[PDB]
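Chemist: Take the sequence shown: its letters are residues 6 to 65, 69 to 225, numbered as in the entry's author numbering.
Before I ask anything, here is the structure I am working with.
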Amino acid sequence: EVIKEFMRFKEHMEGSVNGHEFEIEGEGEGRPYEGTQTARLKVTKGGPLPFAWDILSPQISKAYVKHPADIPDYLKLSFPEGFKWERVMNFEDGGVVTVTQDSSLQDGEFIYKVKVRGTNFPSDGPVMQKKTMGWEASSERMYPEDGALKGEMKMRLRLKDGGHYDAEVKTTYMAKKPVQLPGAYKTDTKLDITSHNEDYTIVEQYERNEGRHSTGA
């Protein structure tokens, strides 16, 4: 078994949001079977970011999703080779974020390599004015389609406000070899910024994910 009850990961991200290029690196740890993790991130190029850290947080780790025994854990079964995923987030004010990601395993540790592109965010919007306050918990509908695992979800950013700034999200997760794909089900996810001191140039996150059968949805 290559996936231990404790697993670290490291992450390299590059991207650009409305033409502002950046790099971020991170190192993290978690309990893959328990559904838990934490990481430390920093902006290694292009810092301080012109834009909310929040649009980045969901793109900085689904090997740590807790599954019941009878839902196959496709993304853990995918190691040691790993999996890749491609996402599109469509925000209500016209901004879009697209992401491509490789995840593999080297030296006992998960290794994430992430390319993010944000575009068409309004100069005066809550993302570019850095006015957001973190994501409410969400549930991603997971379902096998065209030989891959797909998820969709509505994700909701809190605003320095009381209301919410909303994204429609679609992700295709595809293992590098054809391991059992699950039937459809839900993943409940809560992502927290736990420490942001620095300039949101050093940031720590905590995330809890749990797989469950649906009712339902």
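Where is the CB? At the ideal position from N, CA and C, for every residue including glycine.
Would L189 and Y82 qualify as a contact pair, given that the criterion is a beta-carbon distance under 8 Å?
Modeler: yes
Chemist: Would you give the residue range spanned by the beta strand (DSSP E) that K162 belongs to?
Modeler: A156 to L167
Chemist: Classify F27 as buried or exposed, calling it buried when 16 or more other Cβ atoms lie within 10 Å of its own Cβ.
Modeler: buried
Chemist: When DSSP labels each residue in this structure, what does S203 get in the three-state scheme?
Modeler: strand
Chemist: By the three-class DSSP mapping on this structure, what secondary structure does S62 have?
Modeler: helix
Chemist: Can the beta-carbon of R125 be found closer than 8 Å to that of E144?
Modeler: no
Chemist: Under the three-state reduction of DSSP, which class applies to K121: helix, strand or coil?
Modeler: Of the three classes helix, strand and coil, the one that applies to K121 here is strand, per DSSP.
Chemist: Can you look up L189 in the DSSP assignment and give me helix, strand or coil?
Modeler: In this structure, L189 counts as coil in the three-state DSSP scheme.
Chemist: What whole-angstrom Cβ distance do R13 and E160 have, given they're in contact under 8 Å?
Modeler: With a Cβ gap of about 29 Å, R13 and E160 do not count as contacting.
Chemist: Would the segment 173-192 count as touching the segment 14-21 if we require 3 or more Cβ pairs under 8 Å?
Modeler: no
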